[PDB]
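[1] quick check, what structure comes out for this input:
(one chain, ligands or ions: 6)
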Amino acid sequence: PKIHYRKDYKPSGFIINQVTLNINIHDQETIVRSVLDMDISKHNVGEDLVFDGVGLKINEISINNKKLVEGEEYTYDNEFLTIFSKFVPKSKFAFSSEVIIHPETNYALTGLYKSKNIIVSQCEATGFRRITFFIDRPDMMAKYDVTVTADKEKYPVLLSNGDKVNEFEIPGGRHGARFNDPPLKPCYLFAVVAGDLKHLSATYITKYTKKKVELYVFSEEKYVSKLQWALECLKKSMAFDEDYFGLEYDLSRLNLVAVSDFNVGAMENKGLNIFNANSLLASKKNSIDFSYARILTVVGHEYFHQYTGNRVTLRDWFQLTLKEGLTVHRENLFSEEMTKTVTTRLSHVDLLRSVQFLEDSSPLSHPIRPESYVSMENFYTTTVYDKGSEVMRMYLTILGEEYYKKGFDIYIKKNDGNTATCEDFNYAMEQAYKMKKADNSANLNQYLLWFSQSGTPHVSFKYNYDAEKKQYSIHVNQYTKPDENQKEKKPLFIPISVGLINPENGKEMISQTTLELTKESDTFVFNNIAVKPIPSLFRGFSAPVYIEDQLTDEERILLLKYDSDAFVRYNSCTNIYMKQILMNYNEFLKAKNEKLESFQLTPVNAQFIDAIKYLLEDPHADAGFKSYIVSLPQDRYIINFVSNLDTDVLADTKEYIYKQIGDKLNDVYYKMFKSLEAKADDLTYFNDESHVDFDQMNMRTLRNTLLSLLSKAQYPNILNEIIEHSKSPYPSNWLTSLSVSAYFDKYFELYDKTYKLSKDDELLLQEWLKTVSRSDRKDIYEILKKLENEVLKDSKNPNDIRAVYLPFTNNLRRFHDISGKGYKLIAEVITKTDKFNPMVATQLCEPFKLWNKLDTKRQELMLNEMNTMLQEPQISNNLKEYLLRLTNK
Ligand SMILES: O=C(NO)[C@H](NC(=O)[C@H]1[C@H]2C[C@@H]3C[C@@H](C[C@H]1C3)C2)c1ccc(-c2cc(F)c(F)c(F)c2)cc1
Ligand SMILES: [Mg+2]
Ligand SMILES: [Mg+2]
Ligand SMILES: [Mg+2]
Ligand SMILES: [Mg+2]
Ligand SMILES: [Zn+2]
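    Numbers count the residues shown, from 1 in each chain. Ligands and ions are numbered 1, 2, ... in the order given. Next comes the structure:
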């Protein structure tokens, strides 16, 4: 296993100036001819010329049109092509090759492959070497001249990067298209697509240069009616980058293409963005609400890459977070502006603190710029993406919008057209910091520790108020636990956005304030504070940390009801829930351990339940926010706080708490479920795909959340409401009716009904699979076996496999069955998937990430399955590497 180290970066001894490709797609094979116009760099030391080339069948290779001979002048081992240095020219030369590849049987979906009837590439990170020989690293920038030929009937639409400069007929029913893309790019941004594609199009006129840009969105013919929202989102994305960042698209055309088989969400190939169909296609009849926010975010994300990743690219793969963290941050700003709902920010926090915090306290923990890797296919993590985004967002918090924009422009103007590193961005932000602070001695050197230090900081507080002096102090401490990456952790630059709430009237007592904590601890003092305040801490979730607010539940309730910041209200509620959860968990655990015949549980705080009722009944309060306060914290958030977590005890704990609150609020829940119906399910714009109302979708989220709570509670005659809900035109509603019917003998009647509604749309059927997989059923294992035999079968579509199995792994009681049979089942699926798609097999490992946090029996069960997978003779590099790190070997 070759380990690559960040510290070892060195420029290549070679240069590739021009790539000229001919890609000839045939029935049983694709022939790729490539001419590379090359040179010797100032770094050359007479080394052999080594190309990346994986799984290529060589027809011939030449230098300066002289055919090379295998053995004598080169060797190829199916991974590297080595040309012995004595045969490498000492000035500009042409390297040429012709190889054969087989997209039809490329089920790993990397390189050039076939998805249904579409030929499509995926080159990030090191997939270009699966198409032709190359020095496959992002600092090898070159111009591309690409010709694609193919059967015209099967593949009428041909696309690649750049301008289409020729189209031509070929004998025997074939045709070709030539694309020239003069700006330099790294090879991971190369793309080609061939297929019988249908489209929608529009023209966008840029804000300042007034350039006309052609926008095309493509899919297979069957789903062309699902393209409209994506096109609207693309327009919105272009406008936002123009309006917030002053950035305009500078190419003549941008193509978005949906394919059914894709390892991730989408890919920002220059001028030719390629999408998982589930992240591009939607219609109100055939998609759940979540698709609309998903398409907005993924279209936005790929568009924002045009500057942050494409025009400014990466020196090397260790800089990944420079394009991904920064582009997620740009997409978050975009989606917050487009949706205008507080739940947008809250949902990104929720994701970070459950999934990313779990990663950062697991054996997989890494900084957002790792020091090493074995597999790039495993490198695209929530740490790099989501913690990266929070680190990119902290610059905006620290600088404020005016100076952040100044700093961002410096970054773009200094690095446009080049490779860049994380230091380049920090440098640009630093220039703005000096300006904001009005002194050139100010620096952000400490800030760089956010790129290198792993683990989640813990921030805790003590307060003091002098009533005579009208003086309030906030004493703050930070602490990162030592881990495998750093024995000694250093204090970070932590920005703490704060407010001070007057508890008598709920009003703000100070102006907007961001505390700059740069030491292990500091005390922040405020004068002229007329009454003891309740502090509103880390407003907007201003740093990616464990917050320990040291507030009473009474104080947290006051914030939940009256604070101005959505995150702090949501966090205060979260903290009340966590205090209850840990208390009840320990009470149940002790009863279990001691085999007690009787015992007591601490009830849920009554004033807390009253506060939930208060907010729920407030007609001017936000529906999405309301759905968060009636939901307990995510299991994967909770597990970061409990050692040797007994999943059964936690399930019992959650049930007790929900039942406590429902016993008080169920009539309120029901009343709201009924009163919300008219607005939530309004059909006025059902046949307008341009019209998307995120408040209305949040109202449906609330109804569907309440319906779930009422169903579990077996609220009187709630099955009537369930049956009626199943007749709604909105899939979010009728799929909810399936999952909440789990608690009734009508489940399989609804199973069949919703199957019939879903089966004729590929993406809708995937949503139906997810709904079944996640169903709270005692017979869920039998149900899963039925899905396998009747629907999934031997599909190699990652969306199908992920839909059937991942939601089930969140079934706290059943996936974690003490027999270990859920662990055994997912490990079988992982091993089976690893035969043809190692990247997706490793994604299917996600349930095991928390293995060493569970009770010792479940730890042992999970470890046994992971060691079983590790012992498979045919295990991929991806899966082996991942499982070795995860099991601490
Ligand atoms: O950043 C990206 N597009 O701009 C893109 N990432 C994603 O789509 C992520 C984003 C959006 C999603 C939710 C979550 C996981 C998935 C889907 C974060 C992406 C693209 C290519 C790859 C990628 C890397 C490989 F090494 C590889 F072999 C491959 F096939 C794809 C991984 C992530
Ligand atoms: Mg091959
Ligand atoms: Mg405009
Ligand atoms: Mg299919
Ligand atoms: Mg380890
Ligand atoms: Zn990205």
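
[2] neighbours around residue 712, how many?
    By other C-beta atoms under 10 Å, 17 other residues sit near residue 712. From N, CA and C alone the C-beta is placed, and that goes for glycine too.

[3] what does the one 3 residues further on give?
    Neighbouring residues of residue 715 were enumerated by other C-beta under 10 Å; the total is 19.

[4] tell me the spacing between it and residue 709.
    According to C-beta to C-beta, to the nearest Å, residue 715 stands 8 Å off from residue 709.

[5] shared neighbours, these two?
    666, 669 (C-beta atoms under 8 Å, 6 or more residues apart in numbering).

[6] which residues in the stretch 351-500 of the chain form helices?
    357-360, 382, 388-415, 422-437, 449-452 (DSSP state H, counting those that start in this stretch).

[7] in the third one, what counts as buried?
    Under the neighbour-count criterion of 16 or more other C-beta atoms under 10 Å, helix 388-415 has 388-399, 403-408, 410-412, 415 buried.

[8] check which helices and strands it is in contact with.
    helix 228-245, helix 320-339, helix 422-437, helix 449-452, strand 494-501, strand 513-517 (3 or more C-beta pairs under 8 Å, 6 or more residues apart in numbering; DSSP states H and E).

[9] residue 553: which of those is closest?
    In terms of C-beta to C-beta, the element of these nearest to residue 553 is strand 494-501, at 15.7 Å.

[10] contacting ligand 6 as well, which ones from the buried residues of helix 388-415?
    Among those, proximity to ligand 6 is found for none (C-beta under 5 Å from the ion).

[11] in contact with residue 279: list those residues for me.
    Contacts of residue 279 were listed using C-beta under 8 Å, 6+ apart, and they are 265-266, 294-295, 298-299.

[12] what secondary structure does the spatially closest residue to it that is not a sequence neighbour sit in?
    Closest residue to residue 279 apart from its sequence neighbours, by C-beta to C-beta, 6 or more residues apart in numbering: residue 298 at 4.0 Å. Following DSSP: H, G, I helix; E, B strand; the rest coil, residue 298 is assigned to helix.

[13] okay, and the beta partners of residue 471?
    Assessed by DSSP bridges, residue 471 has beta-bridge partners residue 466.

[14] my guess is it meets residue 525, correct?
    Yes: between residue 471 and residue 525 there is a contact under C-beta atoms under 8 Å: 6.4 Å.

[15] scan the contacts of residue 279 and report the most crowded one.
    For the contacts of residue 279, neighbours tallied by other C-beta under 10 Å; top is residue 299, 28 neighbours.

[16] that residue contacts residue 233, correct?
    Yes: in this structure, residue 299 is within contact of residue 233 by C-beta under 8 Å, at 4.1 Å.

[17] returning to that earlier point: out of the helices and strands packed on helix 388-415, nearest to residue 379?
    Comparing these by C-beta to C-beta, helix 320-339 comes nearest, at 6.4 Å.

[18] got the angle between that closest one and helix 422-437?
    If you take axes from the mean of the first three to the mean of the last three C-alpha atoms, to 10 degrees, helix 320-339 sits at 50 degrees to helix 422-437.

[19] elements contacting helix 320-339?
    Under the contact criterion of 3+ C-beta pairs under 8 Å, 6+ apart, helix 320-339 touches helix 228-245, helix 290-304, strand 313-314, helix 343-351, helix 388-415, helix 422-437.

[20] report how many residues lie close to residue 855.
    By other C-beta under 10 Å, 20 other residues sit near residue 855.

[21] err, residue 340, not the other one
    9.

[22] where's the closest residue to ligand 1 within the chain relative to residue 115, distance?
    The nearest approach of the chain to ligand 1 comes at residue 265, 2.8 Å away (C-beta to the nearest ligand atom). Going from residue 265 to residue 115 by C-beta to C-beta gives 15 Å.

[23] ditto for residue 238
    Computed as C-beta to C-beta, the residue 238 to residue 115 distance reads 27 Å.

[24] wouldn't residue 428 be in contact with residue 404 here?
    No: using C-beta under 8 Å, residue 428 is not in contact with residue 404, being 10.4 Å away.

[25] and residue 24, what does it touch?
    Taking C-beta under 8 Å, 6+ apart, we find residue 24 in contact with 30-33, 149-150.

[26] dump the residues you listed to a markdown table, plus distance to ligand 6.
    Shown next, in a markdown table, are these (distance: C-beta to the ion, whole Å):
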| residue | distance to ligand 6 |
| --- | --- |
| 30 | 27 |
| 31 | 32 |
| 32 | 26 |
| 33 | 31 |
| 149 | 31 |
| 150 | 29 |
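
[27] pull the most distant pair out of the residues you listed.
    Maximum pairwise distance in the contacts of residue 24, criterion C-beta to C-beta, is 14.5 Å, between 33 and 150.

[28] around the residue of the chain found nearest ligand 5, how many other residues sit close by?
    Closest contact between the chain and ligand 5, by C-beta to the ion, is at residue 888 (4.0 Å). Residue 888 has 10 neighbouring residues, counting by other C-beta under 10 Å.

[29] now it: phi and psi?
    Phi and psi for residue 888, reported as degrees, to the nearest 10, are phi 60, psi 50.

[30] that one and ligand 6, how far apart?
    Going from residue 888 to ligand 6 by C-beta to the ion, to the nearest Å gives 30 Å.

[31] the helix or strand hosting residue 752: what's the following helix or strand?
    Per DSSP states H and E, residue 752 falls inside helix 747-758. Downstream of helix 747-758, the next assigned helix or strand under DSSP H and E is helix 762-773.

[32] who's in contact with that next one?
    Contact with helix 762-773 is made by 223, 226, 260, 277-278, 281, 286-288, 291, 731, 735, 738-739, 751, 754-755, 757-759, 783-784, 787, 791-792, 799-800, 803-808, as judged by C-beta under 8 Å, 6+ apart.

[33] so which of these belong to helices?
    291, 731, 735, 738-739, 751, 754-755, 757-758, 783-784, 787, 799-800, 803-808 (DSSP state H).

[34] show the buried residues in those.
    Buried among those (16+ other C-beta under 10 Å): 291, 731, 735, 738-739, 751, 754-755, 757-758, 783-784, 787, 799-800, 803-808.

[35] run the chain-centre distance for the helix holding residue 752.
    With C-alpha atoms, centre = their mean, to the nearest Å as the basis, helix 747-758 stands 30 Å off its chain's centre.

[36] between that helix and helix 762-773, how many degrees?
    If you take the same axes, to 10 degrees, helix 747-758 sits at 170 degrees to helix 762-773.

[37] elements contacting helix 747-758?
    Using 3+ C-beta pairs under 8 Å, 6+ apart: helix 747-758 touches helix 731-740, helix 762-773.

[38] that one vs helix 731-740, what angle?
    Between helix 747-758 and helix 731-740, the angle formed by their directions is 150 degrees, by the same axes, to 10 degrees.

[39] restrict helix 747-758 to CA atoms and write it as PDB.
    Extracted in PDB, the C-alpha atoms of helix 747-758 (Å, rounded to 0.1, in the frame of the first residue of the first chain):
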ATOM      1  CA  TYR A 747     -48.900  -1.400   6.900                       C
ATOM      2  CA  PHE A 748     -48.700  -3.900   4.100                       C
ATOM      3  CA  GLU A 749     -51.800  -2.500   2.400                       C
ATOM      4  CA  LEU A 750     -50.000   0.800   2.300                       C
ATOM      5  CA  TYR A 751     -46.700  -1.000   1.300                       C
ATOM      6  CA  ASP A 752     -48.500  -2.300  -1.900                       C
ATOM      7  CA  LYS A 753     -50.300   1.000  -2.600                       C
ATOM      8  CA  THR A 754     -47.200   3.200  -2.400                       C
ATOM      9  CA  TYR A 755     -45.100   0.600  -4.200                       C
ATOM     10  CA  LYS A 756     -47.600   0.900  -7.100                       C
ATOM     11  CA  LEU A 757     -47.300   4.700  -7.000                       C
ATOM     12  CA  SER A 758     -43.500   4.500  -7.000                       C
END
